[PDB]
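Chain letters run A, B, ... following the sequence lines, proteins first, then strands; residues in each count from 1. Quick note: numbers below take in every heavy atom, side chains included, and nothing from hydrogens, waters or symmetry partners.
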2 protein chains.
Amino acid sequence: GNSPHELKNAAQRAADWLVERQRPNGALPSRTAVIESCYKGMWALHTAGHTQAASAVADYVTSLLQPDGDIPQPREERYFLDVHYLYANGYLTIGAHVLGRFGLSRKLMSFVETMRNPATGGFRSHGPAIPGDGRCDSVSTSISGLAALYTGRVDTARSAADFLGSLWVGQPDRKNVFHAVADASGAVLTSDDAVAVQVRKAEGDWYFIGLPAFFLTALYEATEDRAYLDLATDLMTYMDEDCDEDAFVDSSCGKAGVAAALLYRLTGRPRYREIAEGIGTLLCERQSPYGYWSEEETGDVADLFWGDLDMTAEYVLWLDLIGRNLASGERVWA
Amino acid sequence: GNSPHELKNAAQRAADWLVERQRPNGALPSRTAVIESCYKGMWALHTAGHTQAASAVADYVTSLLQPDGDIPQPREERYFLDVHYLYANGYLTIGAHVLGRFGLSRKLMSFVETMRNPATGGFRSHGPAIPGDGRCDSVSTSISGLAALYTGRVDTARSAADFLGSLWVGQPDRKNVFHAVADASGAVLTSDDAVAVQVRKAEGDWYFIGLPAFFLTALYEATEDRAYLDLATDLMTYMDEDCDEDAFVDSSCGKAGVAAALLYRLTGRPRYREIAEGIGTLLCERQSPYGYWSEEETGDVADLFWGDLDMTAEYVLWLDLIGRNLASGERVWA
């Protein structure tokens, strides 16, 4: 497969594509003005070295920030309302913090903490304006824990890991389905309206497992508490051995690829290098000749549907993280 | 002078020069193998988007890390022994944290905190192998406070700001000298063995004032506490109106340039834009056509004396920070 240098070259061409089309107010070129079009942009563009463009996204995000530290609008996609509302807030917090926008990151992260369930450590799936039952899911919890790690709120991250452990141990039928949501008391939810990954089918949503694996590995790196490494290990084993091959092929596989690349750097296990290399190469092969990623668009377009803009920024970030952990992993272990 | 985009383009030329000459273990191309040649490298190369190179520096740094979280060797320059020992550790902590190397950043920052004076908030000037009297200086304290901000240890940052305020209030002759050091009890040291900037002379050492100004402005951004804004602006006004013109011309002026750029974004005051623009343009003017900066060398060299290599990574960072704060300041204040 492709070398770390080649993975990064792909990321850089996509970052250049994004910045060439960035709007004067800092918004990325989405066909709809929604926060789910650009929430990964600060972090992705900073990793690519495009710090003025990343700071311009920070300016745009700051213009939307409400007194309570949330960005409730503009939001349209239901997954950003009642499935994992905080998924936008978590990447915004990380990107703001690494840019040194410490006021923005403190305000964002302080709002994220108001949606934490103090009994279970999970983070509520639905935002303040969105009626709901207090359920908490694996993605809201893992991204909020990762944002807690970058902002130095390690106790909040450890409690997010506790929730993920309970969600894993509590699965009623893990060989057939991964139920990614718990009720407010931490019992796994099996209702039709709660996200489930059909693990023996090729139907996506694998990031409900892969993002927890990435976050837990980062938490192990931060703390050296082997409980977190063991849970990350168990989730990677689950995806590799009990899940359909689509777990490492679907567009959502990048989180598991990043987790594998980090696990390779920390442990040296070659299967993790293989998983990360395969995923990085797949994403590289799917890139358009112009620089963006889309599963449908094929032309020299000036803007993208919000989901493709999000995917494009996401793959700048994942190819960067995969490449740097693979390159350092080779230095350490090979 | 130069536009924000031009400042960034200069930073990128320098980062490419460094990466092309990076050694297999991750060290940067210094004529002596010393930590003072590469301590700014992780942060500088990450801001330039060269994350594999930055991670390679992190691998080298990790290999030198001692059980107590310090890197006591290799060190040769006395400023990194008894004047501001922790100046190296502070940039290492920031660079490790922004790379997501959370175990490295936790261990480095925890060592830094063992050198904090709990009564004064200052950080001791001399490292563990180096005898001394417990004196604490403005540079050790400011860089340790900035590392605390990046790692989320905000109480430590507030305490460092307390030290800086006391140092500033306690100056006995600010018109003529800035005494950058206090004793273990918190009283300003005026002996000739303690760093003293001759503020009415063109003799350098301005970063003992400019780095506090940058750190205090970042702390204001993080907290909105106007006490920190007011101390930062007092220091900028001091450098602009009471110090020799050399304060904005000497090679040490970059910290003040970054502080001015941030203050412009936060306050809109046009003089801060002018100071930042002037400093960024001067740094760009002094860059070798080959991409590095050097006090004496001009050709196509394969490596550099440690101080020139440090300055080169330093100006990658400062040109980037000046550029993004001026670009965003223009957007905000238009």
Side-chain angles (χ1 to χ4, degrees), chain A residues 1-12 14 40 43-44 47-48 91 94 98 142-143 146 149-150 206-207 209-222 228-229 231-240 247-287 313-334, chain B residues 26 42 46 49-59 62 96 98-104:
Chain A
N2 311 359
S3 73
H5 281 0
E6 294 169 337
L7 301 184
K8 180 60 162 169
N9 284 344
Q12 295 305 111
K40 305 193 185 95
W43 191 12
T47 78
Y91 287 90
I94 298 165
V98 301
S142 54
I143 200 69
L146 191 61
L149 223 38
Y150 268 95
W206 301 103
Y207 68 107
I209 306 158
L211 182 63
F214 172 28
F215 159 60
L216 288 160
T217 304
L219 180 62
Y220 172 70
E221 178 163 13
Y228 308 136
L229 175 65
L231 184 55
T233 295
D234 291 351
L235 294 180
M236 297 295 301
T237 297
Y238 184 60
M239 288 186 291
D240 195 22
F248 301 151
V249 171
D250 182 71
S251 64
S252 66
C253 73
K255 291 80 160 179
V258 169
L262 182 50
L263 282 164
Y264 176 61
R265 180 168 57 82
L266 301 181
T267 72
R269 190 158 167 274
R271 182 60 187 143
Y272 296 144
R273 178 186 45 75
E274 293 173 359
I275 291 168
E277 281 175 356
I279 286 171
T281 299
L282 191 44
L283 300 184
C284 201
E285 289 171 348
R286 290 172 172 170
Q287 191 177 23
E314 183 175 339
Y315 290 174
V316 170
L317 185 60
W318 298 161
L319 286 176
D320 180 276
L321 293 184
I322 290 171
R324 75 201 204 200
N325 285 291
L326 289 183
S328 285
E330 180 191 28
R331 178 175 291 101
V332 167
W333 297 102
Chain B
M42 277 182 291
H46 175 88
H50 286 280
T51 50
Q52 283 166 37
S55 296
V57 182
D59 298 328
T62 297
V98 304
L99 280 167
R101 295 279 188 113
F102 294 132
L104 180 58

Query raised in the report: What are the two closest heavy atoms between A:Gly210 and A:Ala259, and how far apart are they?
Result: O-CB, 4.4 Å
Query - Ring centre gap for A:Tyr272 and A:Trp333 strictly below 6.0 Å - result: no
Report summary line: Separation between CG (A:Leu231) and CG (A:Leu216), nearest 0.5 Å, reads 5.0 Å
Query raised in the report: Centre of A:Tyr207's six-membered ring, under 6.0 Å away, within 45 degrees of the axis: is that where NZ or CZ of A:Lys255 sits?
Result: yes
Query raised in the report: In Å, rounded to the nearest 0.5 Å, how long is the span from CD1 of A:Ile94 to CG of A:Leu149?
Result: 9.0 Å
Report task. Step by step, work out the side chain to side chain donor-acceptor pair (under 3.5 Å) result for B:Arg101 and A:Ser328. Result -> CA-CA 12 Å; B:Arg101 295 279 188 113; A:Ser328 285; 3.2 Å; yes
Query raised in the report: Just wondering, do A:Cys253 and A:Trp206 contact through their side chains at under 4.5 Å, heavy atoms?
Result: no
Query raised in the report: Are the side chain of B:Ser55 and the backbone of B:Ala58 linked by a donor-acceptor contact shorter than 3.5 Å?
Result: no
Query raised in the report: Any side-chain heavy atom of A:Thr233 sitting closer than 4.5 Å to one from A:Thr217?
Result: no
Query - Any donor-acceptor pair under 3.5 Å from A:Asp240 side chain to A:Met236 backbone - result: no
Query raised in the report: Between A:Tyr228 and A:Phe215, is the ring centre distance below 6.0 Å?
Result: no
**Report entry** A:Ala261 to A:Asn325 - nearest heavy-atom pair and separation
**Finding:** O-CB, 3.5 Å
Query raised in the report: Atom CG in A:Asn9, atom CD in A:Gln287: separation rounded to 0.5 Å?
Result: 10.0 Å
Report summary line: Partner of A:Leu7 under side chain to side chain contact (heavy atoms under 4.5 Å, CB included), picked from A:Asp320, A:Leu283, A:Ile279, A:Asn2, is A:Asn2
Query raised in the report: What's the shortest heavy-atom distance between A:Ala313 and A:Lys40, and which atoms?
Result: CB-CB, 4.2 Å
Query raised in the report: Between A:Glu285 (side chain) and A:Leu282 (backbone), is there a donor-acceptor pair under 3.5 Å?
Result: no
Query raised in the report: Out of curiosity, A:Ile275 CD1 to A:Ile322 CD1, how far, rounded to the nearest 0.5 Å?
Result: 11.0 Å
Report task. Please determine, by modelled atom types, if A:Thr281 and A:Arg286 share a side-chain donor-acceptor pair under 3.5 angstrom. Result -> no
Query raised in the report: OG1/A:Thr237 to CZ/A:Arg271 distance, rounded to the nearest 0.5 angstrom?
Result: 10.5 Å
Query raised in the report: Do A:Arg269 and A:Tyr264 come within less than 4.5 Å of each other through their side chains, counting heavy atoms only?
Result: no
Query raised in the report: Any donor-acceptor pair under 3.5 Å linking the side chain of A:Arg324 with the backbone of B:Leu99?
Result: yes
Report task. Of all the heavy-atom pairs spanning A:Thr47 and A:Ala44, show the shortest one and how long it is. Result -> OG1-O, 2.8 Å
Query raised in the report: For the residue pair A:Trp318 and A:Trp43, does the interplanar ring angle fall in the parallel (under 30°), tilted (30 to 60°) or perpendicular (over 60°) class?
Result: perpendicular
Query raised in the report: Where is the tightest heavy-atom contact between A:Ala260 and A:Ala276, given as atom of each residue plus distance?
Result: CB-N, 3.9 Å
**Report entry** Between CD on residue B:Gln52 and CG on residue B:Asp59, distance to nearest 0.5 Å
**Finding:** 11.0 Å
Query raised in the report: Are any side-chain N or O atoms of A:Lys8 and backbone N or O atoms of A:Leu321, one a donor and one an acceptor, separated by less than 3.5 Å?
Result: no
Query raised in the report: What do the steps show when you test A:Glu221 against A:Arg265 for salt bridge (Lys or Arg N to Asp or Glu O under 4.0 Å), and what is the final call?
Result: CA-CA 10 Å; A:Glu221 178 163 13; A:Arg265 180 168 57 82; 3.2 Å; yes
Report summary line: Scanning both residues in full, the closest heavy-atom pair of B:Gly26 with B:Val57 reads O-CG2, 3.4 Å
